[PDB]
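Below sits a lone chain in C-alpha cells, taken as the form deposited in one PDB entry.
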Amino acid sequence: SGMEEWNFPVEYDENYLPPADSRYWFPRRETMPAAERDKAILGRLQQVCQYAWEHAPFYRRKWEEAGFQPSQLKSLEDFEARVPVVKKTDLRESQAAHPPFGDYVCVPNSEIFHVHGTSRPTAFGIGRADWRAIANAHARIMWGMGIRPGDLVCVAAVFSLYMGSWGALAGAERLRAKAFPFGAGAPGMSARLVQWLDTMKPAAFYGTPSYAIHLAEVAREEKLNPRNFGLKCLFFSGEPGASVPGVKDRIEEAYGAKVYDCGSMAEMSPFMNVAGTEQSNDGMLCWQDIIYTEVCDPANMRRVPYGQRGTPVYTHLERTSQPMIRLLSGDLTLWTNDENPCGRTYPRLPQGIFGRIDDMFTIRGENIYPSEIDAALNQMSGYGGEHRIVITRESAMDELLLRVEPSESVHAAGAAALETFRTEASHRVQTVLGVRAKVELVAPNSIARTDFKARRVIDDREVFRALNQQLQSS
C-alpha cells in the first residue's frame, strides 16, 4: 500500500514533522487512488471488528443478535448491509448495565488516561494510546489547514467534559505549535481574550462558529478591531456555521482571515475526521483512513449515491478504547466524490453538515432545518447577529415564528427603518423556505450570545401560543 505508519493498533512516530514545503502530512494516505485506499480500509475494518469481537461483549451481543460475525465482512457492501448501526441510546444502556464506560471499553481499566463525556450523559474512558492516535490525527488535519509548527493556536472552547477543546489542543501540541488553551465558559473571559488576541496576535483560532461571532462583538465593545489579531485562520466544530453561506462570510470579513469547517462527534474523537483543507476550503473532506465515514439512507443504513443526502455513519480505524463501529450520527449531509482543489482523494461534504435530523421541524408540509433560517438571516445587511425560532411539536404549525434582532444602525435609523427590516426579513425567509414567516423584532443585543453551541429553537407550546397571539394582536 505504501500508507504511512499503517498498523493496528496504531503507534505513531512522535518526532515526525513533514517537510516545510509539503502540503500533506501523509502524502500517500491523503492522495493515493481511492480504490487502493478502500481495499486497505476494508482490511482495517476486519482487524477492528475482530478486535471488538474479542474485547467488547457489547459488540459481541449486538452482532450476534443481527446475525453477524467478523468473518462475514468480505467487502464494504457487506459492512453496510450486515453490521448493525450503534445508536447513542445503546451506549447509554451499556454504561448503565456496565458502569462507568460500558461493555465497549475494550482496554483494561489500567490503560484509561483521560475521562471526559457528554452533558443520560455518557462517560468517555480514553486510553493513553488513543489519546496519541487523536493528537497525531489532529496535527495532520491542522497541517492540512495550513497551520504550522511555531504558530500560536488559540483554543477558545470550554475545557471540561467537552471533547472539542481537548481535541484541538492535542493536535496543536503534536503539530509543535505554540498551544494557547485560553478556554471558555466563565463570565469575564471574552473581554480578557480580545486583549490577549490583540497582544499575542495568533495565527489560528479554534472554537464554535457562534463564539467567533460573539467575540467580534466583544472586541468592538472593548474598542479593539478583530482584523488586527493577526489571524490567518479560524477552525470550528460543534455545530453548523463554518459551511453556512452568510455565517462563513461574516466571520471571514470580521477577522480578515480564512474559516475552516471540521467535526463529527465527541464519541468519534479524532473528530476532525471530517474537515476542510486550505485549498478545498468549502465544506469538509472525509479523511477515510482515520475514520471510515458512510453517508447512509436512514431507512436502511446503506450508503446513498454521491450527489445525494443522507446520515453520516462512522467507524474508528485507529482506536482500541471505546471503539465506535458504525455509530449512527443522526445528522444530515450531502456527499460528493469529485476532484478536490488540494488534490486529496477523499469524498467531500461540500456544504458541511446541515444539522441533527431531530432538530428539523415541519411547517405546512415543508421540512426546515434551523441552519436554513440562520443562512437566510445572515445574508441580510440589516440583521443584528441573533434570532430565536419559536415552535411547537405538540401540534401542526401553519406559519414560522421568528424573534429577530435588527442591527444597531437599523435601530438608530428609526421606526420606519425597523418596520422595513422586519417586513424584508419576513419576505426573504418566505422566499427561501416557501412558507409564511411571522417576524417579531427584539431590541439589539437583547438575545443571549454563547461561547458554546447556539440553541436558537424554543420548542415550548406555551411560548409558541403566547407569541402567535401577541403577533396576531399587533
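In this text, residue numbers run from 1 along the sequence as written.
According to the entry, the stretch of the deposited sequence that connects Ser119 to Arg120 contains 4 to 9 residues lacking coordinates, which leaves a gap of moderate length in the model. The mean C-alpha temperature factor is higher for 245-253 when 245-253 and 176-184 are set side by side. The stretch with the higher mean CA B factor, choosing between 444-452 and 60-68, is 60-68. Comparing the listed residues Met397, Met284, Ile147, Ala219, the entry records the largest Cα B-factor for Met397.
The PDB entry assigns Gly352 a C-alpha temperature factor belonging to the lowest third of its chain's modelled residues. Split the chain's modelled residues into thirds by C-alpha temperature factor. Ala203 is in the middle one.
In this PDB entry, the Cα temperature factor of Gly307 sits in the top third of its chain's modelled residues, the highest group.
Ranked against the other modelled residues of its chain, the C-alpha B-factor of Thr89 as given in the entry falls in the middle third. In the deposited entry, the Cα temperature factor of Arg82 sits in the top third of values across the chain's modelled residues.
Another form, the form deposited in another entry, is not on view; read the next lines as being about it.
A hinge is where C-alphas change from fitting one rigid part better to fitting the other better; between this form and the one not shown, that place among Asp297, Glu65, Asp358, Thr336 is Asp358. Between this form and the other one, the CA-CA gap for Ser371 and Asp282 widens by 3 Å or more, being larger in that other deposited form. In that other deposited form, the Cα atoms of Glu253 and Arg428 sit 3 Å or more farther from each other than they do here.
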